[PDB]
Structures are given as structure tokens and as C-alpha cells.
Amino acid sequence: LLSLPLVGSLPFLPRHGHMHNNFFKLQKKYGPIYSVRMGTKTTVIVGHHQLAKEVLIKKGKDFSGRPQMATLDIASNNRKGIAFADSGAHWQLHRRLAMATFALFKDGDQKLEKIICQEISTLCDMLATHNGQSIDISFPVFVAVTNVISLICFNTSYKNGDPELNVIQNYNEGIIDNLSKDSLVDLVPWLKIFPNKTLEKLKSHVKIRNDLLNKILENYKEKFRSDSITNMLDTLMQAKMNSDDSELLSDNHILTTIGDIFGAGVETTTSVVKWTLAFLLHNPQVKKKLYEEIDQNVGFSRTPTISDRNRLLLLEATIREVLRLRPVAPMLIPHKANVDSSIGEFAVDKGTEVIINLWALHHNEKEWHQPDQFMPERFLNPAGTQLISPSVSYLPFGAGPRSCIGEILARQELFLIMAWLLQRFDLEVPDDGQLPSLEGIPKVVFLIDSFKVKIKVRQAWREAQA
């Protein structure tokens, strides 16, 4: 009896479980590096820190490309910007000038710590109004970080109640929802197989994004002066002015680079904040030790600062642990081989897609003690006095040419937001008793389901107000 002709084979079902965990579970059968082919495309998935550090860092330049996808073309205005732009002159110039802009907040009256705390102060005033009520804190945080990144990009902020904030939220959500059905890695290209309206819907939200930032740019060409460079749009048009490189710095190149910075600065930081609160609702013991730590190292005399990370070490460890258990990009952003090369002595051809399964690195049982569990302690020494790097299999912000350029801002935003909130607010399960689901929702970012938290002004903070 004969065996059937096989014209197709996939190791696991499409749309069943998170794909970063489906690739991870496949390592027990096929090892830490394997490939999948779909038509002409071959994709390599890497799930061990050694091979990952080879792709990102040792041969970083060889694998610094980004694959072309119809959906990412639209959000990037055909691969301009930074994150979805391929390797080459465009990407390298704008990333540098984007990273050069962050240097401008070293110290002064426009210090990054001072810009963060200015918006956090308004945030906590708005949250204090909800004393005794259960709310979704997504939007208040969204406003806070949106103003920070808009200050870094334009030296402008939005006043309370500005409708543009709700317009931005609407398109942010619309773009994320249509950029990918689940994570960016789609095994099967469903979008070109059946009639859908995903590209059309995505174009609609991106047009609103582009139109909104185009108007801002135009208005700013009258305000720009070469003698004053204080934000990222100043930095980039300074470059355009100076090259008089020119093709690289058109208005749509400048707009798209801002769009990447605007989008990343809001959606990542807002997301990690919600994740941390969700974990603290699930672990009151860890939550209480954070209250005890901050009362003993900062008290209520003053508000937190960036220097307090030297003594708020359980807080810094808690943030580290969320970025491990629930990485913002559990499979980073897809990489591509820019030239013929090798991974683990295995051949990888030019143009091949390469994906680092950061989820596999952060949940490897040989590199981590009980990787399923939430344990900020793992990042602290046994006496709780010094922070440690317990594992070399940890790259929350990537590494190499494609590493994250907003890491510094992110770690400051995350540390200061949770410090100010823990100082001032009790953060408890709502009256219904529902705890947030920690399963997550994989999109281009690893999001959490909306949830509510009962927020109360702490008594110890009040009593210090006399």
C-alpha cells in the first residue's frame, strides 16, 4: 500500500498558541536553529543565546537587513524611517541622527529626567482624581509618554483635553491591529491568498498619521533656526540643510523617521507599564516590598528621581523581570541576511529571513531558574543589596547594529513612572475581583489585555501633606 504525495508540510498549526512559543516548543524536537520555506522564501528561527549573539553581534553587519513586507511598506512609507528600513544609507544616517538627538538631553533645563517627571506630575494629579475608583490606566499613561516623545521631537506638549491625543490613540491602535494579525512572523501569507481589506484599512490609519505629522513639519519650517537645535526635528533638518545625503533627507524621509520615534516612544513604554502593574496585582508580596523599599529610601519628603535607582533596587529588578518574562518584542523585529554567511556553522544565503526567538532565550531552563515564574529576586543578589545579571541569555533591547535606540529613555520612563506611582498610590484588585490575564496578545508589540486597577491615594502620602 502506497504513501500519499505530500505537497506541503508545516510543523504546527497556524493560529494556535503564540508563535514565539510554538517555535520554542519545536526546539525540543529540532534543536535551537531550524528553517521553514514558503514559496521562494526561507526563514531561519534561532533560539539559543550563542547563535543569537552571532546573528546580532559577531556577524551583526551580515544580518542587519530587514525583509520587505507589503504591510510594513505602508507603515514605513516604502521602507523609509529606521525600524522597517533595510540596511543601507537611509537607515544608517537617520538612526545616527536619531541617536545623536538623544545626546542632547544630557543635562540642563531640558534634562530627560526633568521632562519625564514634568509629565509624570500631571499624570499622578489626574490619577489622584480617581481616588477610590477602579480604572483602566492605559490612556493616562498614553498621554504622559506621548508628551515626552513629542517634546523630544518638537519641544511641544499637548494640554489636558486636547482632542489630537484621542485622534493619535485611534490611529495607533488601528495601525497596530492591521500591521499583523498576530506577531509580524506569519508562516503562511494569508493576506495574498484570500480577499481581505487589511492593506486598505492599514493605509487609512497611516494616511491620518502621515497627514497629522506632515502638517506639523510644515508649520515648523517657519520656526526652525540653525542656531538653536534642541529636538529631533531640528537635528534632522539641520542635516538636510547641511547637505547643500540630500536624497536621504527628504520631507517624507524626515516624517517617517519621526513617525517611528513617535510610535515606538509611546507604544512600548505604555505597554511595559501596564504589564508591570498586572504582575504586581498578581503578586501582592512583591508589591508590598516595593512600598517598604521606597518609603525607606525616598520617603515622602520629595518625589523620586533618576538617582534613586541606586537604592530602589527591587524596583529596578522588577522592571528587569517583566522585560524578561514578557519581552516587548519576543521575536525582536525580523532580520535578513545582507550577504551569504553562516549561523552556527550552517550556511545561510543572502536574502534569507532570520528571526531571533528572544522568548526562547528568556525561558531557557538551563539558563534560568524556574523561567515561568515572576521572580524579581533572580536579578538581585541573595541579600538584596546589589543587582546582578543572572544569565547571559537576556537581551530585552536587542544588540548590535539593530539594537534599540530608545533604551535609555525607556528605562528612565519605566523607572520614574512606577516610582512616582508606588510612592503615591495603593494599586489593588478592583471590586469585581478580576485579575488581569498575563497571557498577552502578540502584535508587533507584546500587548496585555485591557484591565482595571482600583487606585487609592496612600495614607502615608497624605499624612505627609500637613
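Take the two forms, superpose them, and find the largest set of C-alpha atoms that agree within 1.5 Å; that set is the rigid core. Residues carry their position along the shown sequence, with the first being 1.
**Student:** Line up the rigid core: which moves more in 7 other deposited structures of this protein, 360-368 or 180-188, by C-alpha RMS?
**Tutor:** The more displaced stretch in 7 other deposited structures of this protein turns out to be 180-188.
**Student:** Taking the other compared entries of this protein, do a third or more of them lack coordinates for residue 244?
**Tutor:** Yes: coordinates for residue 244 absent from at least a third of the compared entries.
**Student:** Classify the number of deposited-sequence residues missing from the model between residue 292 and residue 293: none, 1 to 3, 4 to 9, or 10 or more.
**Tutor:** Missing in between: none.
**Student:** Looking at the entry, does 107-115 or 367-375 show the higher mean C-alpha B-factor?
**Tutor:** Averaged over C-alpha atoms, the B-factors run higher in 107-115.
**Student:** Return whichever of 215-223 and 340-348 has the greater mean Cα B factor according to the PDB record.
**Tutor:** The recorded data point to 215-223.
**Student:** At the C-alpha atoms, which of 136, 321, 234, 173 reaches the highest B-factor in this entry?
**Tutor:** Within the set 136, 321, 234, 173, 234 shows the top C-alpha B-factor.
**Student:** What's the residue among 282, 311, 274, 197 with the greatest CA temperature factor in the PDB record?
**Tutor:** It is 311.
**Student:** By its CA B factor, does residue 6 count among the lowest, middle or highest third of the modelled residues in the chain?
**Tutor:** CA B-factor rank for residue 6: lowest third.
**Student:** Determine, from the deposited record, the chain-internal third of the Cα B-factor for residue 426: lowest, middle or highest.
**Tutor:** Within its chain, residue 426 is a middle-third residue by C-alpha B-factor, going by the deposited values.
**Student:** Give the position of residue 456 by CA B-factor within its chain, expressed as the lowest, middle or highest third.
**Tutor:** Answer is middle: the recorded C-alpha B-factor places it there.
**Student:** Divide the modelled residues of the chain into thirds by Cα B-factor and specify which third, lowest, middle or highest, holds residue 190.
**Tutor:** Ranked within chain, residue 190 CA B lands in the lowest tercile.
**Student:** Of the three thirds of its chain by CA temperature factor, lowest, middle or highest, which one includes residue 263?
**Tutor:** Middle third, going by the recorded CA B-factors of the chain.
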